[PDB]
Structure formats: C-alpha cells, structure tokens
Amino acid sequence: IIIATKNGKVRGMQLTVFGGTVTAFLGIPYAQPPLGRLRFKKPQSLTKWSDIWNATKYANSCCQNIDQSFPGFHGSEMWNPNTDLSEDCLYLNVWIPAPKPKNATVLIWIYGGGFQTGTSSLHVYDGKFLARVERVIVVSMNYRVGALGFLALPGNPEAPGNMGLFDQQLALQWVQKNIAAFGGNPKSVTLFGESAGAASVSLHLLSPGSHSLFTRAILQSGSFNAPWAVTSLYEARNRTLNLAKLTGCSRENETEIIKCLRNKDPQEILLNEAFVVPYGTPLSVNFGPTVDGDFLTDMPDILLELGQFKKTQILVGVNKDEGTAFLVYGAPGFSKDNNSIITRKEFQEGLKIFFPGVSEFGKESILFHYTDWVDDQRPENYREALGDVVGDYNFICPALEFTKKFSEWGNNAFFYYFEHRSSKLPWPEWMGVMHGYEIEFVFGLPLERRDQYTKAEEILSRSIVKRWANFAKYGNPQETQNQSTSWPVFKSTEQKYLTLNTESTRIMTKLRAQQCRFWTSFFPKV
C-alpha cells in the first residue's frame, strides 16, 4: 500500500487488529534532520524525494537521558525509548483504518516526558486500536526534548527556544498538507497529549501559528500553567550559560557559544543537562518551553487570563494519584518495594526535596494545610499527604485552574477525574492511580483480550475510547448508546466533572476545592 504525499511516495504496512486491518505508516520524515549547523534551530522544510520511502518501522527517538532508577523494572522501563536515540528523529506515524476512510477525523498524539524524555513509538502510544475501533486516523510525532529541543537564547535564531514545540507544529502542518491523501479530514484534527504532551497541547491553544492547524484539544494530566511547564527568561538564560560553562563553551558572543555547543557530541550535552540547576527535584524541567516571542508571544498565564487563545472545545482531566510516582525518585522513606509509611519528620524532609527553593514559612504552610487529620493515628497519613501535595501542586490544581479560565471565555469544556488503578499496574498498590496510567485506557490496550486486563477494564477502555472519539469528531464526549452517564460541561460556577472508573461513573462538583484554593490563591505569593 503506497500513498503519494506532497514530498514523495511512502509505503506502509498492513496490521491485523481484532479480526480486521489497520494500515500503519511508521516513521515518515517531516523535517530536515536537525543535524550539524541545524542543531538548536527551528526545524527546516523537507527536501522532496522521488523514491518510495519505506515507512514500515518506528524511526529513531530523539536524544535524551534514560530513566535508570529501576533497571529491569517494567514500571519505569515501559517509558524509556524503544528505538535508537539520534538527533535524526523528526519523524511521525500514521495509523489509518482499513478499508481506507473517506474523511476521517484525525487524532494527533503528543507524548509527555517532562520535555526531557519521551518518544512516539512507546507501546502504550500504539494508535492501531483507535484506528481499528473508531475509524479515526491517529498521528504521532517525535519532537526534540531537553536542551536539544528547548535551549533558549531569546531572539537569537541559532537557539531561539521552543524548537521542540516548533517540531510539533511542523508536524501539525504536515497533517494539514498531507492527511487528505490518507483519507483524513484536515478540518477535523484533535490534539491530545499527556503530561508535558498535555502542556504542549495547551500551548498550541495559545500559539497563533498553530491556530489553523487543529480543531480541538484534549489535555491529560498537564497544562502550561503547571509550575514545571514553562521556564522563565531568567532561568533559561542562567541554564544556557551554565550548560556553556559545564561544556567549556562559555564565550561572550552568544552566537559563538551556540557554534561551540554544535561541535559537542550529543552525549556530552546530555550529561551536563542535569546540573544546570543547583537544586533539582524529581519534577525538574531543566530545558522546557520559554516565552520566545515566536511560538509564544507573552507569558502564557497572561494570555490565559485575558482570553488570548484559540476558541474551541477542550477535554481536560487528571488522575486520582498524580503525585505518587515522583515520591520514589528521591523522597526519604519512600520505596516502590514497601508500603512507604513515613513519619512527620520524613514528610518535612520530603517537602525540602520537592520545594528546595521555598522558604521555611512556605514549607510550613504546606505542612499546615495538608496535615490537619481526622484520625491522627492513621500510620499512612503522611505518606498520602505527600503524594497529594505533589499531585495537587504540579497537576490537579493547574489543570482545574486552566479549565476554569478557559471556559470563562464561552467554550464548552469537559473535565474528568480518572480513578481506576490498572489491574496490570507494575508499581505497588499504595501508589494508587498513577500519573500516566490512564494512557493505556485511552489508546484501547484493554480492548485486546489476549492481554491480562479484566472485563471491567475492557468495558472502561471501550467507553473512554468512544468518549474521546466522540469529542474529537463532534466536540462532545458522550457515550450515547449504552445508558451512560451524560458528561456535563464544566462551568466556572458549578464546576461539574465526570469520574472514570470501572464501578460507578459519577457526576461530581468542585474537585479538590479546599486544596486548590491553597495552591492557586495562597502559595504563589510565598
């Protein structure tokens, strides 16, 4: 099966899915390899080819440091790249239903990874089930991460910042110019992403250069107003200079610094990335989105507050235990191999790990609002409090605040609270419904009966897949046929949200109200 794209023909491959067929084009290039003098620059247009490009395997993932904290453990290594790392990584993937659709809605996945890691080839991002089950086209792309994607000298085109966001954007541009050749409808494109991918999706809502490249947006556990999502001008400068010094590229002409960094092997850049910050945390984003004056014209909190974003529908949600995954990457007393009962003193120590630059008073204020218990004799009180601190501050409260502020400008928004813990979750039970572990349900992995998911999980994934496809196609994430709970729009007044679980799917109001008032109204002052 051959498709003629604007830059040349590509050959895909047939996939057997659920007694049917999906056509996969894995690894289509969408930009000139950003090598040599193109390292740190915006992605350049692709020179046409006349051959038949073989898009029959995932391409290189972008250079990145690997999570080595739990070698051999599926819970962590399932997020590590599964193809060769290379600077030659600007490729995308296309899953089209078979028989070829005539005008299918397109879903474009943007992976997360703290803007430092990630790849579109992960097993949990496999789009073949969505193409099979919902007859949508699924697209995903690799975009540059870390310093190679987000090194910033604002205004300098040799390293302007936000290159990995421009990679994503050039990929959306490719879909606009090419997806009709695949049976896709360029006028019906939904972006969806998780974590940094969701923060990226929300930044495309703000970026005028992306306005015309998609229709709607889904944001899973992330948004640009999360405290880790946007690097300020002061930090980005200090971090660029610190990388220069660590590598021996300190110059006075900033363009000469970039030339010097261009001769460094990718590995040398990657090993010094960790140390450009004096006090890191498990949530550090050393090199991420910045206000560059190109992709992002102003501080995005101002743009959100003042209604300067694409007017469209959004689907936003978070997981019940967003915070716990980060606790075993540094908080004292925590371990994935025991139940991590921690003491008051260990809790206080954990706050220093997660809020290193925060004053004594600020850390006391966190402790005060999170450690007023009903039964102060529950041994896991402090363990659960620290997970909630990290999850509320980094994910849940920013997602709610984004959704309130976005919906105040007239658009339908839908908010979900995902609270099913996967029966196949390799992490221990105390970590709960972890960050990232809704993704496999969104992509329909539990629809594969040959896997070890329960029947309740197949049904839950089936409903979520239908709701996501209905949102993409029609702007309304309902399941209209199986007597499902109707999903009400989220309004800034009543703030209704839908819970997603195997048992009872419920309409609730004002998620984490007391906690988010602390983080959203108080904590920014300290």
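Definition used throughout: the rigid core is the maximal C-alpha set that superposes within 1.5 Å between two forms. Each residue number is its position in the shown sequence, starting from 1.
For the pair 278-286 and 170-178, rigid core superposition yields a higher RMS C-alpha distance in 9 other deposited structures of this protein in 278-286. For the cut-off of one third of the other compared entries, residue 440 stays well clear, since all of them model it along with its flanks. For the cut-off of one third of the other compared entries, residue 401 stays well clear, since all of them model it along with its flanks. For the two regions 234-242 and 292-300, the entry's Cα B-factors average higher over 234-242.
Checked against the record, the higher mean CA B factor of 43-51 and 469-477 lies with 43-51. When the C-alpha B-factors of 153, 94, 314, 90 are ranked from the entry, the top spot goes to 153. Annotation for 144, 123, 259, 435: 259 ranks highest, by Cα B-factor. Annotation for residue 510: C-alpha temperature factor in the lowest third relative to the rest of the modelled chain, per the entry.
Residue 351 sits in the middle third of its chain by CA B factor, as recorded in the PDB entry. When the CA B factors of the chain's modelled residues are split into thirds, the value for residue 441 lands in the lowest one.
Sort the modelled residues of the chain by CA B factor and residue 491 lands in the middle third.
Per the PDB record, residue ranking by Cα B-factor puts residue 380 in the highest third of the chain.
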